[PDB]
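What follows is a single chain, given as structure tokens, in the form deposited in one PDB entry.
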């Protein structure tokens, strides 16, 4: 007479599957018999034989929104343990988003778009997880929507975006897409010092984890030139030299993150 498997639990229920797990009986086993049967005679009952070293099972191909009785028998040749039993109700049907795409990216927002099978939907869930140890941004989305903008994000930041279809309690697997907010510009250009041949420019730092700056300058009728060398992060002042006296120059300050550039901070100053 064999001991029943012990400590049965279910680790996941989906619309068409269930995952169970148990502590094997402390005995030499032949195998297992797993019975999954619909409580009301609404459809197919399932029965799965397992290796004797089994400790867990995933039973798929089930009917959605259906109550099932679950029985795990431990087997030793001609002997059968009493069953470890559980009850499971599968979720309502639900399918992941199709063709999910990032369509727009700003310093503070990201816009995504997707399609779906024509099924009953009650909503969507999105989780935007930043790459920098920071806290995820979770939002809930109305069911008729196919385009959404996640607002209040950090500039110059990488996000993994997890989008799920909701149908009441049923949540689909996430679709996973990648995007990055724009590098935010330096702000507040000030010309601290002026000479007939030079300017000392000043700016305030952006909020992104930048790797450097570019400074460009430009007179009417000339292509822009960069200040050498590029200012390193932490720097908030730079000198532009070798200019003409009495000339209007336009200054562009670009924040860098590796090879990504912000839109330029711009300003003008004479001589």
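Positions refer to the first chain, counted from 1. Take the two forms, superpose them, and find the largest set of C-alpha atoms that agree within 1.5 Å; that set is the rigid core. Only residues modelled in both forms are compared.
When the two stretches 232-240 and 51-59 are set side by side, the higher mean Cα temperature factor goes to 51-59.
When the C-alpha B-factors of 206-214 and 23-31 are averaged, 23-31 comes out higher.
For the set 89, 167, 78, 140, the maximum C-alpha B-factor listed in the entry falls on 78. When the C-alpha B-factors of 162, 159, 73, 148 are read from the PDB record, the largest value belongs to 73.
Sort the modelled residues of the chain by CA B factor and residue 66 lands in the lowest third. Ranked by C-alpha B-factor against the other modelled residues of its chain, residue 93 falls in the lowest third. In the deposited entry, the Cα temperature factor of residue 196 places it in the middle third of its chain's modelled residues. Residue 264 sits in the middle third of its chain by CA B factor, as recorded in the PDB entry.
Per the deposited record, the Cα B-factor of residue 155 falls in the lowest third when ranked against the other modelled residues of its chain.
The same protein also exists as the form deposited in another entry; that form is not shown, yet it is the one meant from here on.
Note: rigid core superposed between the shown form and the other one; among 35, 207, 216, 230, the CA shift is 2 Å or more only at 35.
A change of 3 Å or more separates the two forms for residue 160 and residue 11: their C-alpha atoms lie farther apart in that other deposited form. In contrast to the form presented, in that other deposited form the C-alpha positions of residue 46 and residue 170 draw closer by 3 Å or more. Listed in sequence order, 3-37, 39-93 mark where three or more consecutive residues have CA shifts of 2 Å or more between the shown form and the other one on superposition of the core.
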